[PDB]
Amino acid sequence: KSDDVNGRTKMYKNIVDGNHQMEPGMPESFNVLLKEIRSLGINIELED
Amino acid sequence: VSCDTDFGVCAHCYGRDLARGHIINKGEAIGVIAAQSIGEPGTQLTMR
Amino acid sequence: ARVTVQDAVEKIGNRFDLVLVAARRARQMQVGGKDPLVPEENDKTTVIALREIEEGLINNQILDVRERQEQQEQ
Amino acid sequence: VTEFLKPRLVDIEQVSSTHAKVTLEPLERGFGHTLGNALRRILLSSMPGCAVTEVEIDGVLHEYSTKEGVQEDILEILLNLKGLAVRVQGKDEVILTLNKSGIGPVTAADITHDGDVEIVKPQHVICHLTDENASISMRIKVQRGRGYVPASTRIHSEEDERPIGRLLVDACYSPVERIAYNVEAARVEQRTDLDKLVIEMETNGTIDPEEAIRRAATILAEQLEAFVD
Amino acid sequence: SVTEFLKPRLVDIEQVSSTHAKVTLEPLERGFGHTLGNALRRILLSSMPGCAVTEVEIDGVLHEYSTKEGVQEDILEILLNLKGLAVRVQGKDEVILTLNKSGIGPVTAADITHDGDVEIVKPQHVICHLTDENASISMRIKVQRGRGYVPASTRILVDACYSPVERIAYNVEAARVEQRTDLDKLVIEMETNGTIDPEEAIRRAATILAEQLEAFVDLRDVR
Amino acid sequence: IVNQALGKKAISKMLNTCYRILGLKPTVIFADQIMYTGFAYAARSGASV
Amino acid sequence: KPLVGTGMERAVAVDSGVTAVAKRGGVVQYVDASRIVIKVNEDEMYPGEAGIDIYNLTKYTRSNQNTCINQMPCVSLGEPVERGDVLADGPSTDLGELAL
Amino acid sequence: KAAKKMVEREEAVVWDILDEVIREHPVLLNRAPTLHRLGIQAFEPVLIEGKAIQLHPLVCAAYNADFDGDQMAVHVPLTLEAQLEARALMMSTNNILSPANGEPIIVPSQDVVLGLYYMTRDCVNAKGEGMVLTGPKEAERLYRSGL
Amino acid sequence: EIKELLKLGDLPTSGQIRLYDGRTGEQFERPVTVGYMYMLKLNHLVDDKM
Amino acid sequence: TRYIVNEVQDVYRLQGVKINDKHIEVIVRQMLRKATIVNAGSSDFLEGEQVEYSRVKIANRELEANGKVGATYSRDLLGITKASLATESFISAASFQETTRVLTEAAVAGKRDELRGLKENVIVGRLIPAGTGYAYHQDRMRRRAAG
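Scoring rules and cut-offs
Residues numbered from 1 in each chain as written, not as in the entry; some residues may be left out. Chains lettered and ligands numbered in written order. Part of a larger assembly, values for the part shown. Heavy atoms only, no water. Residues with missing side-chain atoms left out of burial classes, pairs and counts. Helix = DSSP H or I, 4+ residues; strand = E, 2+ residues; numbered from the N terminus. Contact = heavy atoms within 4.5 Å. Pairing = 2+ DSSP bridges. Axes fitted to C-alpha atoms, helices over the stretch in contact; angles between N-to-C directions. Nonpolar A, V, L, I, M, F, W, Y, C, P; charged D, E, K, R; others polar. Parallel < 35°, antiparallel > 145°, perpendicular 65-115°, else oblique. Left-handed = near helix turned anticlockwise from the far one by under 90°. Expected span 1.5 Å × (residues − 1).

(A) Summary view of the overall build of chain G. Scanning chain G for helices and strands turns up one helix and 11 strands. Starting at the N terminus and walking to the C terminus, you meet the elements of chain G as α-β-β-β-β-β-β-β-β-β-β-β. Expressed along its principal axes, the backbone C-alpha trace of chain G runs to roughly 45 × 30 × 20 Å. Summarising the internal contacts of chain G: among those between residues at least 6 apart in sequence, 39% fall at separations of at least 24.

(B) Seen up close, the overall build of chain C. Of the regular secondary structure elements, chain C holds four helices and zero strands. Listed N to C, the secondary structure of chain C is α-α-α-α in terms of helices and strands. The principal-axis extents of the C-alpha atoms in chain C amount to approximately 40 × 30 × 15 Å.

(C) Local environment of the sheet that holds strand β4 (residues 52-56) of chain G. Residue and element names in this part refer to chain G. Spatially, three strands are ordered β2-β3-β4 in an open sheet, and the strand pairing comes out antiparallel. Strands with a single pairing partner mark the edges of an open sheet, and in this sheet they are β2 (27-31) and β4. Strand-to-strand twist in this sheet, taken as the mean axis angle between neighbours without regard to direction, amounts to 25°. In terms of strand pairing, β2 meets strand β3 (residues 35-39) through four bridges, oriented antiparallel. Looking at the pairing, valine 28 lines up with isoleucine 38 of β3.

(D) Up close: the interface of chain D and chain E. Opposite the 11 residues of chain D that make contact, chain E presents 11 residues. Residue contributions to the side of chain D that touches chain E peak at three residues, all from helix α3 (residues 209-225) of chain D. In terms of residue class, the side of chain D that touches chain E is made up of six nonpolar, two polar and three charged.

(E) Here's a closer look at the packing of helix α2 (residues 17-31) of chain C against helix α3 (residues 45-55) of chain C. All names here are of chain C. α3 packs onto α2 with a crossing angle of 130° between their chain directions and a minimal axis gap of 9 Å. Between α2 and α3, the angle falls in the class oblique. As α2 packs across α3, the resulting crossing turns out to be right-handed. Two secondary-structure elements touch here, α2 through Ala22, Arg25, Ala26 and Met29 and α3 through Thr45, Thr46 and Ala49.

(F) Highlighting the pairing of strand β2 (residues 19-24) of chain D. Residue and element names in this part refer to chain D. Inspection of the sheet shows strand β1 (residues 9-13) paired to β2 by four bridges, in the antiparallel sense. Counterpart to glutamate 13 in the pairing with β2 is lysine 21. Linking β1 to β2, which pair antiparallel, is a turn of five residues.

(G) Up close: the sheet that holds strand β9 (residues 178-184) of chain D. All names here are of chain D. Read from one edge to the other, the open sheet built from four strands follows the order β1-β2-β10-β9, with strand pairing classed as antiparallel. Two strands close off the open sheet at either side, each with one partner strand: β1 and β9. Within the sheet, the average angular offset between the axes of one strand and its neighbour, ignoring direction, is 20°. The pairing of β9 with strand β10 (residues 196-202) spans seven bridges and is antiparallel. Across the sheet, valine 183 pairs through a bridge with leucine 197, a residue of β10.

(H) Region of interest: helix α1 (residues 8-21) of chain F. Taking 1.5 Å per residue, 14 residues should reach 20 Å; α1 of chain F reaches 20 Å between its end C-alpha atoms and fits that length. Looking one or two residues beyond α1 of chain F, the residue adopting positive phi is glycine 23 of chain F, at roughly 150°.

(I) Expanded view of unusual backbone geometry. In this model, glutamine 190 of chain D sits at a positive phi of 55°, which is unusual for a non-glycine residue. Positive phi values are uncommon outside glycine, yet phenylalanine 67 of chain H reaches one of about 55°. As for its position among the elements, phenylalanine 67 of chain H is in the loop between α3 (60-63) and β3 (72-75).

(J) Broad picture of the arrangement of the chains. For the 16 pairs of chains in contact, the maximum contact count is reached by chains D and E. Regarding chain A and chain C, the two do not touch, and the least distance separating their C-alpha atoms is 7 Å. A minimum C-alpha distance of 33 Å separates chain B and chain E, which share no contact.

Structure (structure tokens):
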């Protein structure tokens, strides 16, 4: 139910097909935070 | 503090203190369980 | 519906693995390919799975055994 | 069964036009209270009555305005028309019209009377006018029903019909609206003491006491017939 | 519509024992479920014909503070046990019964003398507690015909349990037929002392009220 | 336990006994039926002021 | 109207300026659900005027709280009216009394 | 689109499908001002023709409400696992005791305790003092007459 | 003063009056004090909250 | 610990509140961290190391290779508003009191979070290592050893 744009559609399909399966992905607000942090003189990234 | 684990708190020094009848199990977050019951009775007094 | 979930807790004990076992049973039950071992009473898959784990006929162990069974039977 | 001695309907009294008292024959112990309870609740719950469902008038369009020459609003018109009491003959869905001009008070008497419609209280107020040139022209339809209904219930029944100018109100379909009972030990002799019950009630004059009591008893028997088998 | 009322068709009854039964109905009309439940309850409790023991005349002192004299059990609880007996009488009126047994100790309903119309639902019922020796005793009990319930304080000696019932209760639930949910669902729960089927008991109560109220309509619904 | 003036602490310790002795579902259904009795008898009692 | 009050509700009703009151009136001629005319007597009449006063009521007027203000007149017809007395009844007012 | 139109039109079959699906689907409730773990609990939804949720009197102490003007937060877990997590841990039937001290949160009071304390009483002796019975007959004679 | 007023309209001075049940019709013990109160409706209406 | 628990239970008891002391001990333990050292002990010639990291280091250094190099420590308690900021992960302990200084300090030091705090999994939006997701977190940690 969050800003995960690629998750709301897929959960809706899983419901209408009665799958009831969820894949988290990543909230978009976290990407918002990363983009606004990189707006200043601070590097930030996520390793593997 | 008596328990020597260097990480969290072992169940062998906490008992239950819950609506169950058995010792606390692994993975249960006592810290979240704690720190909230203490201030919940916010019926204290101010102005001495 | 079920009022109290305690028999499954006693069959499991840890209180954390029972949810995982029942969820992994219900997922395969709803996707299909299996049959309910306990006679249903017009109820959803989750309640049937939890009554099955409460009855003591399914756990985190025999699922692995039967799954390796069809995996090697292919 | 040991001589249950069913009671009978005797001594029907008429206190007034809208108030009466009914007496019943003595019956065995432990019966009067429960039968009074059942008859009272049935008589107050489900019993057919005739009321006003909607009023249409050519003068005004809607109910939230006024008219030239009138004192009270269309709202008081509708509320008092809710308080009017009439009874109808066999066929239902009866439409009547009311036309009048002048400055004098308007009552239920000066309405076009048809053979299937009769007024019980001709002294009701229909929110008298004030202007000489003022003339009211509305036609009303009265139907019969059994329980209370609001205005929103009958909305889906009318989708393409009900044009502008036709205004709907709420119906009571309850012409008694008050009843009480009391049981006493009397009218018994040459036998073990029995109890008799007196029913005190007030209606609006639309329905006779014996008819309502008989209808209550009939529907009680009908609903209890299923428990026989 | 104008005068049409729904009638209960779902009359399913599930029972735990021969004396305990659960009766459930379909959604009934508004406000009538509880009327009917209260009426049926009061009919079942206030007046129900049946056969029951009225009083006993034991050998000894008529006073309640009697002696054990080998019975080792007070007469009060003996009378209480006697009240827990469902005696069925076919056609005859009030009759005298008596019993006599050796000193084995288990005193059952079979100890009573067997009559033509005197029947007991279950003969294993306790009448007296285990005796201490071979001493016997004469009961001299009698039953009467009656309906409902009256105490022995006013109408004499133990009690008058003419109602063949143990417990009666009811509940009302809301439900829906097609769209509207303002419907009443009546549930009847009642425990039987014996000798009468629960569904037979409720049918008898309904017929009793119907034959108590039929002339109120003055012969209505002819055709 | 049921033979007392049966105050709030009485019913409290009654539920405590039912929980520790019988278990989860017995004490839950016990509390349910107790509260139903409470609504029924208070409505039957009157208890006017 | 409220059965049990304190009496100050009358003053509140006559001071909030919500209802319609009569100013220098002697008797009423015509009454309408939305319009009232008063015929001032010659005692309270000064020369140079017709000698009538008109009050246009407030019929179903939107309020700040999205409520409704509707004024309902008190006199019927041909009633002798004095000065400083209420004629219409505004929201939650009865016969010049705060009836909420 | 057919499903959307018929849902928007609110037919009886739509209500029947609602009832069939909601019948096995527990639901979670929350207080807006929340302090401890019991401010959020799960229940089985039941349809009632109204517009205010019916909350049980007992859990009122945990939710700390008072039946004055209040707003509840309602949440639906959709995945099968989340329904299961609600059923196993966040049900009221399981959360009898406090996680704070150990005393039962469910502390019946008000009309229930008043009535119970009332009917376990005796003025001096009511009607029919000396009667003896077995225990089920007490209510039998209380409802009708005799004592 | 209030008790003096009640006698004039043929009312009991205590204000307690016996009541019957509209569902089972059994007379209530503990005679009840019934009365007439001035209720007020507020804009805090459920038709806005849902 | 004894003084703190006694003082706090006096205040909670003068009113009527009953609470176990284990939560208070938890508060003290979370509050009692960040020992300071006076001897080098071959660990680090600085101040402000965690008690647990120091204990692990002395266990892995003394018994294994060189027990003679002892690192004496003084366990100094810190207030909540300050000890909360004492976290190894920059993301956590940031929204609590202040963000800009924490961000500057992390960029200056060049620290990595590893996403070990619960708030880290909250903000990233994955299963927190507690309750039901504890087993999944443990499995992830186990597979991280091999690759």
